[PDB]
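Enquirer: Okay, here's the structure, questions in a sec.
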Amino acid sequence: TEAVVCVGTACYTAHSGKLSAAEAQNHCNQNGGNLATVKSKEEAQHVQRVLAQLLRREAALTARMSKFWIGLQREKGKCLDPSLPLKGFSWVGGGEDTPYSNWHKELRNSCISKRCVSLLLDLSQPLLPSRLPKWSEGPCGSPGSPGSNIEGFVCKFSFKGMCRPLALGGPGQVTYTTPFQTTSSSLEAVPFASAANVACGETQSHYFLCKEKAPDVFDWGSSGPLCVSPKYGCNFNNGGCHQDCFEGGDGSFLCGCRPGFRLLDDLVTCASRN
Amino acid sequence: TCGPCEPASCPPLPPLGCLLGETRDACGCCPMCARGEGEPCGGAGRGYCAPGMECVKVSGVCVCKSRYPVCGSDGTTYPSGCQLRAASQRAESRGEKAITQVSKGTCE
């Protein structure tokens with residue numbers, strides 16, 4: 001399972017492998033993205049989760065000090081300016097200078113060598129959102145020689161918006177195909193121009209596509225919960241309903257809203273007037 | 001198939017609003033009220049049961065899952081837990097304090 005977390009209007013993917021920072025940035029560039037950026041303390045947690053679930057696949061196979069390439073490098077030319085929170089570095093995907101940092105040990109005042117930054121992680125200790133991964137500069141490396149403890153990288157993608165996960169009212173499996181070739185079945189948010197192949201049963205095959213229903217509005221096009229089986233009704237996952245699940249017949253149902261709320265066109269999600 | 005959604009051509013909701021729930025019609029359009037105890041439900045132009053209800057039977061009636069009397073915070077025995085909820089949402093609609101389910105059986 002490919003490690004991916006999509007939050008807000010951006011996504012984060014973590015891939016293992018000994019690639020130099022030039023090959024890693026080129027890999028993220030192929031899928032229309034760039035190496036991850038730890039601009040805010042919130043992005044730190046998001047990038048720390050895609051790594052956490054990547055290591056959880058093979059933590060014993062990765063060194064106890066793991067380095068994961070991110071999109072921060074200071075090309076050769078001028079020395080770091082300590083006063084800057086980013087230490088004179090620049091995000092590989094462009095942008096401005098962020099006030100958040102997490103440097104470890106001490107940076108080398110080499111104004112003649114280009115140096116890339118990876119995220120260091122101590123895998124002997126449990127991973128926690130409080131003990132956020134520390135930053136480590138060093139040689140960017142070459143093809144075949146990525147560097148010491150380099151065992152992966154993190155690509156960050158950006159989109160105009162995100163859809164919501166398809167709510168199922170019965171037994172089924174949905175496979176969300178993101179724009180980048182990563183396809184997952186457990187996406188907390190689905191980006192624009194993504195395909196979802198619902199496999200209703202335990203066998204119907206439904207397909208939907210994240211489309212701009214309106215400015216800053218993204219919808220698949222489905223109405224009501226999917227995979228609904230009369231054998232279960234509201235017993236199974238509350239019929240995939242936002243809050244209330246009205247009963248009717250033997251297995252028929254329809255999502256309901258508590259007084260004051262209002263059901264939307266999705267026939268599932270509730271929203272209050274005020 | 002069914003006719004297109006016509007908001008203006010929707011029967012205006014109760015002036016106090018549906019005090020149980022809220023949903024669309026059978027065709028998936030317009031607002032509708034959740035059917036209370038002993039209300040038609042099931043198969044075009046149908047309504048669906050409230051929470052804690054079952055549509056015992058084409059179309060039947062909504063009976064409470066809790067078919068046993070209960071004792072509430074109002075110091076009054078109710079016919080069922082469903083009637084305690086139905087009268088409780090009225091209290092908040094008219095500003096009165098919410099009627100809570102204190103115990104079951106009768107009110108000592």
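Basis: the model, the stated rules and, where named, an outside source; none is laboratory data. Cβ coordinates were reconstructed from backbone atoms using ideal geometry, including for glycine residues, and neighbour counts include every protein chain displayed.
Enquirer: Taking the criterion of being aliphatic (A, V, I, L, M), surrounded by 15 or more Cβ atoms within 10 Å (Cβ to Cβ) and in the same structural domain as A:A24 (by TED's automatic domain parsing), would at least one residue in segment A:145-155 satisfy it? Give the derivation first.
Expert: Of segment A:145-155, the ones aliphatic (A, V, I, L, M) are A:150, A:154.
Then drop every residue that is not surrounded by 15 or more Cβ atoms within 10 Å (Cβ to Cβ), which leaves A:150, A:154.
In the following step, the residues that additionally are in the same structural domain as A:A24 (by TED's automatic domain parsing) were identified as A:150, A:154.
Yes; the residues of segment A:145-155 include at least one that is aliphatic (A, V, I, L, M), surrounded by 15 or more Cβ atoms within 10 Å (Cβ to Cβ) and in the same structural domain as A:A24 (by TED's automatic domain parsing).
Enquirer: While we're here: For segment A:180-195, indicate whether the set of residues that are under 27 Å from B:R46 (Cβ atoms) and out of contact with any strand residue (DSSP E or B) (no Cβ under 9 Å at 6 or more places or on another chain) is non-empty. Talk me through it step by step, then tell me what you get.
Expert: Initial filter on segment A:180-195 (under 27 Å from B:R46 (Cβ atoms)): none.
No, segment A:180-195 contains no residue that is under 27 Å from B:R46 (Cβ atoms) and out of contact with any strand residue (DSSP E or B) (no Cβ under 9 Å at 6 or more places or on another chain).
Enquirer: Which of (1) more than 9 Å from chain A (Cβ to nearest Cβ); (2) more than 24 Å from B:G81 (Cα to Cα); (3) surrounded by 14 or more Cβ atoms within 10 Å (Cβ to Cβ); (4) of a type in the set (G, A, S) is the odd one out, the single condition B:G3 does not satisfy?
Expert: Result: B:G3 passes all but (3).
Enquirer: In segment A:223-267, which residue that is within 11 Å of another protein chain (Cβ to nearest Cβ) and among the aliphatic types (A, V, I, L, M) is surrounded by the most Cβ atoms within 10 Å (Cβ to Cβ)?
Expert: Out of the qualifying residues, it is A:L254.
Enquirer: Moving to a separate point now. Do you know which residues across segment A:88-107 are under 21 Å from A:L19 (Cβ atoms), among the aromatic types (F, W, Y) and in a strand (DSSP E or B)?
Expert: The one that is under 21 Å from A:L19 (Cβ atoms), among the aromatic types (F, W, Y) and in a strand (DSSP E or B): A:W91.
Enquirer: Tell me, which residue of segment A:102-144 that is among the basic types (K, R) and under 16 Å from A:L86 (Cα atoms) is surrounded by the most Cβ atoms within 10 Å (Cβ to Cβ)?
Expert: Checking each candidate, the answer is A:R115.
Enquirer: Sticking with this structure for a sec: Which residue out of A:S110, A:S118, A:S83, A:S66 is within 25 Å of A:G17 (Cα to Cα) and more than 19 Å from the chain's Cα centre (by Cα)? Outline the logic, then answer.
Expert: On the way: A:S110 fails: within 25 Å of A:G17 (Cα to Cα); A:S118 fails: more than 19 Å from the chain's Cα centre (by Cα); A:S83 fails: within 25 Å of A:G17 (Cα to Cα).
Going through A:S110, A:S118, A:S83, A:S66 in turn, just one is within 25 Å of A:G17 (Cα to Cα) and more than 19 Å from the chain's Cα centre (by Cα): A:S66.
Enquirer: Can you tell me which of A:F159, A:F236 is of a type in the set (A, V, I, L, M, F, W, C) and under 30 Å from A:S20 (Cβ atoms)?
Expert: Details: A:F236 fails: under 30 Å from A:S20 (Cβ atoms).
Only one candidate qualifies: A:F159.
Enquirer: Just to be sure before I move on: is A:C163 within 14 Å of chain B (Cβ to nearest Cβ) and not aromatic (F, W, Y) in the structure I sent? Show your work before the answer.
Expert: Numbers: within 14 Å of chain B (Cβ to nearest Cβ): no; not aromatic (F, W, Y): yes.
So A:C163 does not fit the description; no.
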